């Protein structure tokens, strides 16, 4: 257990939006629990909840990341992805993005999204590594309402391997 967020304290902590979307810790909705992190007012597929995790981790290591997701409005099914945003040498114009996992969710049902990931070594100059959830990429002109549904995440966990 290197990092855990279950939201049961009601705290947003260091979670943040990627763009103009809205994050809220809600009560009465959670994965086998009363609280979770809702992302709404999404207007791009890449809007979604993000948190910096590099400080929790040993550079060079392999770790297992998992989280639970759920959505409860719009289409009968929808894909959610779990991804990493990486920064090197504090260069914010050349961020890297890598999807680590994706699953099809059924409306109203919690599902686990997980994978092993690699934490780059110190000598790479890695300066940020953030996990985030999103829907599959579409260019801004092609985005539809089903792509920008609000969704919940909960029980975010990173474990040693």
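Residue numbers count along the first chain shown, from 1.
Mean CA temperature factor is higher for 138-146 when stretches 5-13 and 138-146 are set side by side in the entry. For the two regions 119-127 and 96-104, the entry's Cα B-factors average higher over 96-104.
The maximum CA B-factor among the listed residues 58, 40, 66, 109, taken from the PDB record, is found at 109.
Sort the chain's modelled residues by C-alpha temperature factor and residue 36 lands in the lowest third, per the entry. Ranked within its chain, residue 76 lands in the highest third, by CA B factor from the PDB record. In this PDB entry, the Cα temperature factor of residue 28 sits in the top third of its chain's modelled residues, the highest group. Annotation for residue 52: CA B-factor lies in the lowest third of the chain's modelled residues.
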